[PDB]
Amino acid sequence: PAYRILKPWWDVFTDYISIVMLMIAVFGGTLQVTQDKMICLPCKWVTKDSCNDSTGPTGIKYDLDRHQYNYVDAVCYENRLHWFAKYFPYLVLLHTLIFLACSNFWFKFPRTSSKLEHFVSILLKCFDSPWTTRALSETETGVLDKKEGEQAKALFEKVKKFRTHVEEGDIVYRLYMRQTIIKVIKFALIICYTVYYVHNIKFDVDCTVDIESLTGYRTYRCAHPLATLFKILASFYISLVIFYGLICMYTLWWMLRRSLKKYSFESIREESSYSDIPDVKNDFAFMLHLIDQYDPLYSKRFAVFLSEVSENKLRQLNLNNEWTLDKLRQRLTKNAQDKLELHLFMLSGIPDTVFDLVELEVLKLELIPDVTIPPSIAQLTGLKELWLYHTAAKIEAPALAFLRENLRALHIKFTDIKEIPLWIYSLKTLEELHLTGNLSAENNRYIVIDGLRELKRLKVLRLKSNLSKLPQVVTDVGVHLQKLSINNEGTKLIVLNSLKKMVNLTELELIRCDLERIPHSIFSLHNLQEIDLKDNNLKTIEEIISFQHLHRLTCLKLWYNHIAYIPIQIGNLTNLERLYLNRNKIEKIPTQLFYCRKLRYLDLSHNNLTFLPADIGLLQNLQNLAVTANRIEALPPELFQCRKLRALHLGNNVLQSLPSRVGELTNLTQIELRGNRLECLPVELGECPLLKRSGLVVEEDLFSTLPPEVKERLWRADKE
Amino acid sequence: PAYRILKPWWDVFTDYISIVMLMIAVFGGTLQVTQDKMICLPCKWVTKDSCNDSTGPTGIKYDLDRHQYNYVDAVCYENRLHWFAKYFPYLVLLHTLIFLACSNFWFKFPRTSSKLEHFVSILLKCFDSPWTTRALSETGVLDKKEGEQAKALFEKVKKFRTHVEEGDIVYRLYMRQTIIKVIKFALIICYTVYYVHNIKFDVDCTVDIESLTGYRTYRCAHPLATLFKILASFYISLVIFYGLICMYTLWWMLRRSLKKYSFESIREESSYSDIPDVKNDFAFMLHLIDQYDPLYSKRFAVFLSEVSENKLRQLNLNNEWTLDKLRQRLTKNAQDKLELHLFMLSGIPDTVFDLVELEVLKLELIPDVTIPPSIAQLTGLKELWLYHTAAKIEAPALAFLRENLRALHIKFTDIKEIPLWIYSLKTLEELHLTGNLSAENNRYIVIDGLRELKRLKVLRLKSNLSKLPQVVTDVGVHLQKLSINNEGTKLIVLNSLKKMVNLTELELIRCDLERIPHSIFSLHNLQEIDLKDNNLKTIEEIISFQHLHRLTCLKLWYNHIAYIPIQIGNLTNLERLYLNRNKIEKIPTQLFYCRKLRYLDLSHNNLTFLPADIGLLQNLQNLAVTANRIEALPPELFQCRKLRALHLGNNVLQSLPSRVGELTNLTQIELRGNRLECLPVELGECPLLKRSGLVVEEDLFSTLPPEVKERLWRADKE
């Protein structure tokens with residue numbers, strides 16, 4: 001079958017030498033059996049127990065009939081002919097048979113026969129893999145048949161299983177080594193003893209077989225016809241045995257000096273450049289040096305298929321066949337900005353059809369190990385946002401230039417600096433960046449982001465890296481930043497009075513920065529209009545008067561802090577358009593906060609607030625408000641003065657009764673009252689047009705107290 | 001075994017000769033084993049160890065028993081008979097076996113055998129290819145799968161050619177085998193024909209055994225000597241024949257130098273020039289196949305040919321794409337033209353030339369494409385887009401396009417992706433260019449043929465131009481519209497543009513001027529101007545625009561203009577003006593002196609007020625001040641009745657003035673992004689405005705009276 005490739009050249013030569021020696025053995029045996037005789041004649045005069053050997057001549061007569069000739073020849077042949085010459089063909093036959101047995105014993109031993117057949121078959125079908133040729137075709141990738149992809153995946157699995165199963169055995173090598181050694185030693189024996197005894201084949205033989213009572217003679221001389229022929233046959237046989245021994249020594253040295261238990265594949269990965277080709281362990285690399293002696297092409301083809309880069313490409317082609325464009329545009333979803341976005345999570349790579357999703361607007365990556373980005377992403381022109389999460393993705397120069405002028409927002413969440421690609425700074429049209437993952441590492445701080453300056457158009461910079469310091473580079477790029485945002489996730493952000501350098505900062509948001517106060521740099525940042533200081537642990541905030549520097553100060557947030565009182569100086573902060581001070585420890589409300597006549601949106605939930613002053617109606621321009629989880633017990637009438645108010649959130653308070661003045665508020669749309677000890681509700685609450693039952697967040701039992709007309713009105717307003 | 005085709009006629013003849021030689025050797029060996037003896041008679045009258053041999057006849061009695069006769073016969077046969085005469089059949093057997101071994105060793109040599117089986121298996125399937133028959137028939141329906149198999153066969157042929165042409169092993173082995181056969185035949189002719197005289201029927205032996213026999217000389221008859229003589233004569237004749245054949249083959253191999261295959265006959269007959277000579281160890285195989293049957297060599301040359309591979313790829317692509325899928329993919333572009341666009345295809349499917357309804361064709365990364373005369377079958381085409389698609393043209397296609405192409409879009413990553421024959425067009429009017437073409441010492445040389453477009457009237461140069469080219473300046477003496485976008489590169493004109501007095505609309509996008517050059521003032525015929533993203537901060541140069549007596553539209557948006565110079569009041573001819581994404585904060589009253597103004601965009605600015613002169617612009621129809629800081633709408637805004645779309649989003653509007661219903665002509669308004677509180681009830685009297693034109697949220701929509709809600713739903717519905 002395929003066993004021809006197992007045998008090296010020196011196996012063919014030895015097999016044919018064995019065939020020739022077996023043939024001469026058979027011919028010698030069949031000739032020696034039916035025709036070998038020994039013609040003996042008596043010696044009349046015997047000198048020194050040996051034959052004397054000393055009118056027309058006459059024939060001597062010995063008075064012996066033919067039957068006596070037969071008897072004496074038989075006896076002389078039986079006793080006085082060397083057993084070496086008599087049994088030559090059978091000895092040669094035995095030597096050839098045992099040589100054949102040693103040659104093919106492993107072929108007939110079922111322990112290793114399974115390994116041999118499995119290895120040769122798998123090598124054949126891997127040399128027959130169309131994927132192997134395509135792997136060296138590149139020495140851009142095409143497409144693999146989905147069925148051929150399945151076949152190649154199954155072949156990969158079977159090859160890995162066979163490697164693990166066979167690299168551990170280590171018996172075939174031992175068997176062939178033993179066979180080689182046995183062949184060498186047996187050749188040595190049959191070249192020593194045969195040549196030692198070869199002179200014993202003589203044409204004439206003197207036998208004194210000591211038979212007189214039946215013959216009357218003592219010594220006899222005999223001619224054996226086949227002595228010349230048998231000597232020639234023995235010479236040819238021992239010459240062939242010498243050749244066999246030469247082959248045995250060659251094979252033994254080749255196997256011993258090579259040390260072929262490990263195969264390095266040192267040329268193929270140096271020529272095809274596939275470093276991901278692992279070396280072969282014992283009982284396997286010997287099987288591969290054998291094939292190399294037959295043909296190294298099979299070795300190269302099999303090593304290419306054992307390569308891991310080949311595995312990556314085959315798996316990527318399987319994925320490319322696996323995904324379809326229609327289902328991709330089906331799964332495309334609206335992101336937090338309601339733009340067409342599909343989060344790429346738990347995916348090793350990217351199918352090649354998805355790069356036809358030209359309508360993609362926002363992208364999100366997650367758990368993708370360094371996927372290659374072909375310029376086919378250039379089809380996805382609308383992609384203005386990207387969310388990088390734990391992915392060291394790799395792009396191509398056309399795709400790089402495409403995303404340079406097609407990306408305006410970006411969101412990086414890297415577990416390491418290497419996960420952020422180096423050519424991101426060439427994407428200079430980027431204006432919104434969202435960084436995550438610690439880059440404030442020791443002795444390499446802010447070195448990679450030194451290229452953030454080069455993003456000249458960077459205008460929104462969201463940072464979550466436990467920033468304990470404001471970088472000089474981030475400060476310099478921040479002079480043209482319109483909105484900077486830093487999330488210290490509990491770490492103490494420090495500015496070293498360098499935040500004031502970013503004068504053109506139109507908005508700023510610091511989350512969990514543990515500032516506990518507002519330095520003069522923030523006040524010196526006059527362009528701030530939207531500001532947040534969440535989880536800064538602020539205790540005293542009376543310095544917000546310096547926020548008067550912010551002439552167009554609109555939104556101010558100091559929520560999630562230790563704040564327990566509100567400065568009277570916030571009265572001079574009339575510019576405040578939006579405010580968010582929840583999750584603090586404030587217990588009262590001062591009359592000065594009501595001077596922020598531009599205030600429109602508010603949130604002061606989860607505080608110890610216990611009353612609502614009469615000047616709340618002075619803040620008419622409010623439209624949304626949240627005061628959940630406080631100590632408010634009654635609704636003052638002035639609270640109902642804010643007619644243009646639309647949304648409310650007043651949960652988890654100690655309120656007990658609801659004044660009918662809530663009916664005065666016509667513009668109300670949503671209101672939260674769940675978490676309060678109310679018993680009866682005024683009917684006027686159901687006279688607000690924009691307010692509906694869905695807008696009215698309140699307990700069901702209190703709603704049952706209202707007239708059924710109010711219930712019907714709320715439901716029928718909810719219907720349309 | 002398919003190796004029978006590997007055997008030339010002389011190989012089979014040598015095989016038959018060796019078979020006959022083996023048969024006669026076996027016959028001689030078995031007969032010599034069974035019957036070869038000598039019958040000896042002693043000579044009583046001996047002269048000089050020679051038989052002198054000098055009343056009815058009486059027999060001679062030599063006083064010898066039978067066993068003595070047997071003994072003396074054996075002795076003389078062993079001693080006084082020539083070894084060659086006795087061992088002739090075994091020498092013959094040795095010669096036959098070694099001849100067979102020299103015949104088969106290369107077949108039995110695994111190194112050569114692997115290559116031989118690989119070559120024969122590849123050649124058989126090449127002769128079996130379903131595409132070889134078609135290709136040699138043409139010297140047409142092709143299933144996709146058979147095309148895949150043909151391409152795989154091309155790949156395997158290339159692999160084998162790369163792998164084995166380095167060999168030079170089988171040739172050397174066969175040369176050595178032929179040399180060995182020839183020299184061995186010569187030796188076994190010489191020594192045999194010399195010693196053949198030794199075979200005689202009768203021999204004389206003076207074996208000198210007298211102590212046992214008592215005689216001097218013995219004459220023995222060998223019965224089989226005549227038979228062995230006949231066998232030897234037949235065998236030597238056979239050896240002569242074998243040597244003739246071997247020497248003929250050796251000379252023939254040493255005559256034509258089979259190491260290189262000229263490979264010119266088929267390339268000249270079937271017209272496939274890309275069938276070059278194969279190397280050593282491959283020209284050997286091709287020569288041997290030629291010896292057997294050159295039909296298989298011709299069937300292999302096609303898949304060695306490179307025109308064949310390209311034709312097979314083209315055939316596979318054309319079969320892959322059908323008319324129905326192309327008509328399904330036929331869409332409409334933004335120019336209201338029926339548009340079919342193709343991207344990253346190997347070639348041109350020829351089923352496309354039945355869709356005459358196509359008007360705009362777009363090519364993108366479709367390499368090695370030539371434009372066939374079949375495009376004359378498609379006359380409805382009017383725009384061609386070549387995006388990094390280096391295309392060559394055939395004569396009828398270019399002739400048809402010269403009278404049937406009007407607008408051309410060329411996008412290139414390199415100069416050579418621009419075909420040089422495009423200049424010969426004479427009905428081409430609109431041209432759009434995409435790609436850098438600046439150069440050092442040879443700047444703007446590819447476009448030296450741009451002059452050859454005398455029908456060019458509309459031009460667009462997005463070519464990374466740091467300078468205005470000379471040839472474009474020359475060709476500008478007949479253009480109508482010139483579009484320039486240097487992709488942020490600063491544009492240099494420097495008195496090289498004013499010659500184009502025929503220009504009516506000039507667009508300078510991202511030219512990075514930062515200030516308007518003087519030459520543009522020579523364009524009296526200029527009517528619509530754009531200077532987007534040119535970092536313009538001072539725009540006083542418009543004082544010279546009084547020369548432009550038809551200056552109707554203007555756009556200076558995406559710049560850094562801090563203020564509006566009052567001289568705008570002189571440009572009454574302006575009817576539209578877009579100035580968004582600028583740093584302007586105040587609006588001088590002279591801006592409202594251009595009563596012809598109808599459209600205006602002031603988005604993304606530092607504006608905080610609307611002057612009461614806004615009503616002086618009665619012709620105004622559309623406005624966009626989105627992302628500004630306007631607090632309230634002065635009722636003068638409502639003076640302009642023919643307002644038709646307003647964009648007030650992302651502003652600080654607190655309430656909508658009740659005069660909203662006065663503007664009957666209004667068709668859209670934007671109010672999301674503004675600090676609005678309640679929509680006025682007058683919003684219910686809008687004649688043409690609908691919910692589609694009402695850009696506002698549902699929570700502010702609920703403030704509308706339910707009658708207004710019903711009216712808005714009905715207007716949106718139909």
# chains A, B, ... in the order shown; residues from 1 in each chain; ligands from 1
>>> interface_residues(of="chain B", to="chain A", cutoff="8 Å", atoms="only C-alpha atoms", output="PyMOL selection string")
chain B and resi 33+44-45+62-68+70-71+74-75+78+108-111+114+159+210-215+677-678+699+702-703
>>> select_by_dssp(residues="segment 12-240 of chain B", states="helix (DSSP H, G or I)", output="number ranges by chain")
B: 12-35, 66-79, 83-86, 88-108, 110-127, 130-138, 144-164, 170-198, 225-240
>>> closest_residue(among="A:151, A:251, A:18, A:415", to="residue 177 of chain A", atoms="only C-alpha atoms")
A:251
>>> residues_around(residues="residue 402 of chain B", least_positions_apart="2", cutoff="8 Å", atoms="only C-alpha atoms", output="ChimeraX atom specification")
/B:398-400,404-405,424-428
>>> closest_residue(among="B:640, B:190, B:671, B:5", to="residue 621 of chain B", atoms="only C-alpha atoms")
B:640
>>> residues_around(residues="residue 652 of chain A", least_positions_apart="3", cutoff="7 Å", atoms="only C-alpha atoms", output="list in words")
residues 628, 629, 630, 674, 675 and 676 of chain A
>>> closest_residue(among="A:95, A:719, A:37, A:606", to="residue 186 of chain A", atoms="only C-alpha atoms")
A:95
>>> atom_distance(atom1="atom CA of residue 290 of chain B", atom2="atom CA of residue 303 of chain B")
16.7 Å
>>> residues_around(residues="segment 608-613 of chain B", least_positions_apart="5", cutoff="9 Å", atoms="only C-alpha atoms", output="list in words")
residues 585, 586, 587, 588, 589, 590, 591, 592, 593, 628, 629, 630, 631, 632, 633, 634, 635, 636 and 637 of chain B
>>> select_by_dssp(residues="segment 75-265 of chain B", states="strand (DSSP E)", output="MDAnalysis selection string")
chainID B and resid 202:205 217:221
>>> write_last_selection(atoms="N, CA and C atoms", output="PDB file, in the first residue's frame")
ATOM      1  N   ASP B 202      33.118 -33.031 -28.343  1.00  0.00           N
ATOM      2  CA  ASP B 202      34.080 -33.989 -27.818  1.00  0.00           C
ATOM      3  C   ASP B 202      35.303 -33.270 -27.265  1.00  0.00           C
ATOM      4  N   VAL B 203      35.813 -33.774 -26.138  1.00  0.00           N
ATOM      5  CA  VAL B 203      36.989 -33.231 -25.472  1.00  0.00           C
ATOM      6  C   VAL B 203      37.937 -34.383 -25.161  1.00  0.00           C
ATOM      7  N   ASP B 204      39.201 -34.037 -24.927  1.00  0.00           N
ATOM      8  CA  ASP B 204      40.237 -34.989 -24.541  1.00  0.00           C
ATOM      9  C   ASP B 204      40.817 -34.567 -23.199  1.00  0.00           C
ATOM     10  N   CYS B 205      40.830 -35.487 -22.236  1.00  0.00           N
ATOM     11  CA  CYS B 205      41.351 -35.220 -20.901  1.00  0.00           C
ATOM     12  C   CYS B 205      42.480 -36.190 -20.579  1.00  0.00           C
ATOM     13  N   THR B 217      45.041 -41.211 -21.180  1.00  0.00           N
ATOM     14  CA  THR B 217      44.182 -40.233 -21.830  1.00  0.00           C
ATOM     15  C   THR B 217      42.791 -40.810 -22.028  1.00  0.00           C
ATOM     16  N   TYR B 218      41.802 -39.919 -22.057  1.00  0.00           N
ATOM     17  CA  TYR B 218      40.409 -40.310 -22.182  1.00  0.00           C
ATOM     18  C   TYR B 218      39.684 -39.311 -23.071  1.00  0.00           C
ATOM     19  N   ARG B 219      38.937 -39.827 -24.042  1.00  0.00           N
ATOM     20  CA  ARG B 219      38.137 -38.992 -24.928  1.00  0.00           C
ATOM     21  C   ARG B 219      36.687 -39.050 -24.476  1.00  0.00           C
ATOM     22  N   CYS B 220      36.118 -37.888 -24.165  1.00  0.00           N
ATOM     23  CA  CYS B 220      34.763 -37.805 -23.647  1.00  0.00           C
ATOM     24  C   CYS B 220      33.880 -37.048 -24.625  1.00  0.00           C
ATOM     25  N   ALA B 221      32.668 -37.555 -24.798  1.00  0.00           N
ATOM     26  CA  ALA B 221      31.654 -36.898 -25.603  1.00  0.00           C
ATOM     27  C   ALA B 221      30.656 -36.196 -24.693  1.00  0.00           C
TER      28      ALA B 221
END
>>> closest_residue(among="B:259, B:295, B:206, B:121", to="residue 43 of chain B", atoms="only C-alpha atoms")
B:206
>>> residues_around(residues="segment 110-123 of chain A", least_positions_apart="5", cutoff="9 Å", atoms="only C-alpha atoms", output="list in words")
residues 2, 3, 5, 6, 128, 155, 158, 159, 162, 166, 171, 172, 175, 284, 287, 298, 299, 301 and 302 of chain A
>>> write_last_selection(atoms="N, CA and C atoms", output="mmCIF file, in the first residue's frame")
data_model
loop_
_atom_site.group_PDB
_atom_site.id
_atom_site.type_symbol
_atom_site.label_atom_id
_atom_site.label_comp_id
_atom_site.auth_asym_id
_atom_site.auth_seq_id
_atom_site.Cartn_x
_atom_site.Cartn_y
_atom_site.Cartn_z
ATOM 1 N N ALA A 2 0.656 2.098 1.013
ATOM 2 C CA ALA A 2 1.496 3.268 1.215
ATOM 3 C C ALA A 2 2.769 2.945 1.980
ATOM 4 N N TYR A 3 2.977 1.676 2.342
ATOM 5 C CA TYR A 3 4.170 1.287 3.084
ATOM 6 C C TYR A 3 5.445 1.440 2.270
ATOM 7 N N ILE A 5 6.597 4.137 1.141
ATOM 8 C CA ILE A 5 7.274 5.362 1.553
ATOM 9 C C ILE A 5 7.957 5.218 2.905
ATOM 10 N N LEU A 6 7.596 4.200 3.688
ATOM 11 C CA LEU A 6 8.296 3.962 4.945
ATOM 12 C C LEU A 6 9.710 3.460 4.697
ATOM 13 N N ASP A 128 -2.315 15.826 1.244
ATOM 14 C CA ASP A 128 -3.391 15.984 0.279
ATOM 15 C C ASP A 128 -4.319 17.143 0.619
ATOM 16 N N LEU A 155 -9.521 17.774 10.296
ATOM 17 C CA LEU A 155 -8.158 17.291 10.105
ATOM 18 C C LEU A 155 -7.218 17.875 11.152
ATOM 19 N N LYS A 158 -7.921 15.993 14.397
ATOM 20 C CA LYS A 158 -7.387 14.636 14.339
ATOM 21 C C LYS A 158 -5.867 14.636 14.413
ATOM 22 N N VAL A 159 -5.218 15.604 13.762
ATOM 23 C CA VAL A 159 -3.763 15.684 13.798
ATOM 24 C C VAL A 159 -3.281 15.968 15.211
ATOM 25 N N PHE A 162 -3.779 12.820 17.314
ATOM 26 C CA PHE A 162 -2.791 11.803 16.975
ATOM 27 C C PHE A 162 -1.412 12.178 17.501
ATOM 28 N N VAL A 166 0.573 9.824 20.094
ATOM 29 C CA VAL A 166 1.696 9.077 19.542
ATOM 30 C C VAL A 166 3.034 9.587 20.061
ATOM 31 N N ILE A 171 7.616 3.255 21.128
ATOM 32 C CA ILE A 171 7.892 1.840 20.934
ATOM 33 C C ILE A 171 8.418 1.534 19.533
ATOM 34 N N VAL A 172 7.860 2.157 18.490
ATOM 35 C CA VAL A 172 8.285 1.874 17.122
ATOM 36 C C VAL A 172 9.771 2.161 16.952
ATOM 37 N N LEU A 175 11.668 -0.685 18.496
ATOM 38 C CA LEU A 175 11.591 -1.889 17.678
ATOM 39 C C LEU A 175 12.517 -1.802 16.474
ATOM 40 N N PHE A 284 7.635 10.191 17.203
ATOM 41 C CA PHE A 284 7.022 10.925 16.110
ATOM 42 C C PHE A 284 8.043 11.592 15.206
ATOM 43 N N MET A 287 9.615 9.013 13.090
ATOM 44 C CA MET A 287 8.735 8.740 11.959
ATOM 45 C C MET A 287 8.810 9.828 10.900
ATOM 46 N N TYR A 298 6.747 15.918 1.940
ATOM 47 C CA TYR A 298 5.685 15.550 2.870
ATOM 48 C C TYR A 298 5.910 16.176 4.237
ATOM 49 N N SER A 299 7.162 16.203 4.699
ATOM 50 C CA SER A 299 7.467 16.810 5.988
ATOM 51 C C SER A 299 7.113 18.291 5.989
ATOM 52 N N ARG A 301 4.950 19.866 3.985
ATOM 53 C CA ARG A 301 3.503 20.023 3.875
ATOM 54 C C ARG A 301 2.791 19.738 5.191
ATOM 55 N N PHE A 302 3.218 18.713 5.922
ATOM 56 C CA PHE A 302 2.642 18.378 7.219
ATOM 57 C C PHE A 302 2.980 19.407 8.287
#
>>> residues_around(residues="segment 513-525 of chain A", least_positions_apart="6", cutoff="7 Å", atoms="only C-alpha atoms", output="list in words")
residues 487, 488, 489, 490, 491, 492, 493, 497, 498, 499, 500, 502, 503, 505, 535, 536, 537, 538, 539, 540, 541, 546, 547 and 549 of chain A
>>> write_last_selection(atoms="N, CA and C atoms", output="compact mmCIF listing (two decimals), in the first residue's frame")
# COMPACT_ATOMS: atom_id res chain seq x y z
N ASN A 487 -12.28 60.37 35.11
CA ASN A 487 -12.90 59.49 36.10
C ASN A 487 -11.78 58.84 36.90
N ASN A 488 -11.57 59.33 38.12
CA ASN A 488 -10.54 58.77 38.99
C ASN A 488 -10.98 57.52 39.72
N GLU A 489 -12.24 57.10 39.54
CA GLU A 489 -12.82 55.90 40.17
C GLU A 489 -12.36 55.74 41.62
N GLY A 490 -12.43 56.84 42.37
CA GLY A 490 -12.10 56.88 43.78
C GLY A 490 -10.74 57.46 44.09
N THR A 491 -9.84 57.51 43.11
CA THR A 491 -8.51 58.05 43.33
C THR A 491 -8.56 59.56 43.50
N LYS A 492 -7.56 60.10 44.20
CA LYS A 492 -7.46 61.54 44.45
C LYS A 492 -6.80 62.22 43.26
N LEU A 493 -7.61 62.88 42.43
CA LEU A 493 -7.07 63.65 41.32
C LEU A 493 -6.39 64.92 41.84
N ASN A 497 -2.24 73.03 40.14
CA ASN A 497 -2.57 74.33 39.57
C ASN A 497 -2.31 74.38 38.06
N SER A 498 -2.42 73.24 37.38
CA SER A 498 -2.24 73.19 35.94
C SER A 498 -3.56 73.09 35.17
N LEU A 499 -4.68 72.89 35.87
CA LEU A 499 -5.96 72.81 35.18
C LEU A 499 -6.36 74.17 34.60
N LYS A 500 -5.94 75.26 35.24
CA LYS A 500 -6.30 76.59 34.77
C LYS A 500 -5.71 76.91 33.40
N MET A 502 -6.01 75.21 30.72
CA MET A 502 -6.97 74.85 29.69
C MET A 502 -8.14 75.84 29.67
N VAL A 503 -7.80 77.09 29.34
CA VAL A 503 -8.76 78.19 29.47
C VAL A 503 -9.97 77.97 28.58
N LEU A 505 -11.61 75.45 27.90
CA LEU A 505 -12.41 74.28 28.26
C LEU A 505 -13.86 74.71 28.47
N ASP A 535 -18.60 62.29 43.70
CA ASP A 535 -17.77 61.43 44.53
C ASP A 535 -16.39 62.03 44.78
N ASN A 536 -16.33 63.36 44.84
CA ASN A 536 -15.12 64.05 45.24
C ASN A 536 -14.99 64.16 46.75
N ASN A 537 -16.00 63.72 47.50
CA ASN A 537 -16.03 63.81 48.96
C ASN A 537 -15.93 65.25 49.45
N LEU A 538 -16.53 66.18 48.71
CA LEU A 538 -16.53 67.59 49.08
C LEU A 538 -17.24 67.79 50.41
N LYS A 539 -16.60 68.51 51.33
CA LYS A 539 -17.20 68.84 52.62
C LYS A 539 -17.68 70.29 52.68
N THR A 540 -16.81 71.24 52.34
CA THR A 540 -17.14 72.66 52.34
C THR A 540 -16.98 73.19 50.92
N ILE A 541 -18.03 73.85 50.42
CA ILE A 541 -18.07 74.28 49.03
C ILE A 541 -18.36 75.77 48.94
N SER A 546 -16.29 81.92 43.73
CA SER A 546 -15.32 82.19 42.67
C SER A 546 -15.78 81.63 41.33
N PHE A 547 -16.79 80.75 41.33
CA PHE A 547 -17.44 80.34 40.09
C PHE A 547 -18.09 81.51 39.37
N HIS A 549 -16.35 83.68 38.16
CA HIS A 549 -15.47 83.79 37.00
C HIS A 549 -16.12 83.20 35.76
>>> closest_residue(among="A:641, A:548, A:324, A:337", to="residue 409 of chain A", atoms="only C-alpha atoms")
A:337
>>> closest_residue(among="B:497, B:663, B:38, B:646", to="residue 79 of chain B", atoms="only C-alpha atoms")
B:38
>>> decode(residues="segment 478-487 of chain A", atoms="N, CA, C and O atoms", output="compact mmCIF listing (two decimals), in the first residue's frame")
# COMPACT_ATOMS: atom_id res chain seq x y z
N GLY A 478 -5.25 70.00 26.29
CA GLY A 478 -6.46 70.51 26.88
C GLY A 478 -6.73 71.98 26.65
O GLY A 478 -7.84 72.44 26.91
N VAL A 479 -5.74 72.73 26.16
CA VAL A 479 -5.97 74.13 25.85
C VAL A 479 -6.95 74.28 24.70
O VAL A 479 -7.71 75.26 24.65
N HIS A 480 -6.95 73.34 23.75
CA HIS A 480 -7.95 73.31 22.69
C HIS A 480 -9.05 72.30 22.94
O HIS A 480 -9.95 72.17 22.10
N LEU A 481 -9.02 71.59 24.07
CA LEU A 481 -10.12 70.71 24.44
C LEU A 481 -11.32 71.56 24.86
O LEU A 481 -11.19 72.45 25.70
N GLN A 482 -12.48 71.28 24.27
CA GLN A 482 -13.69 71.97 24.69
C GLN A 482 -14.35 71.30 25.88
O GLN A 482 -15.04 71.97 26.66
N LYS A 483 -14.17 69.99 26.03
CA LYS A 483 -14.72 69.26 27.16
C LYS A 483 -13.74 68.18 27.58
O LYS A 483 -13.48 67.25 26.81
N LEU A 484 -13.20 68.30 28.79
CA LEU A 484 -12.36 67.27 29.38
C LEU A 484 -13.15 66.56 30.46
O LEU A 484 -13.92 67.20 31.19
N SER A 485 -12.99 65.24 30.56
CA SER A 485 -13.63 64.46 31.61
C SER A 485 -12.64 63.43 32.13
O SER A 485 -12.04 62.69 31.35
N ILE A 486 -12.48 63.38 33.45
CA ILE A 486 -11.56 62.46 34.10
C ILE A 486 -12.33 61.70 35.18
O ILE A 486 -12.95 62.31 36.05
N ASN A 487 -12.28 60.37 35.11
CA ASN A 487 -12.90 59.49 36.10
C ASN A 487 -11.78 58.84 36.90
O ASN A 487 -11.12 57.92 36.43
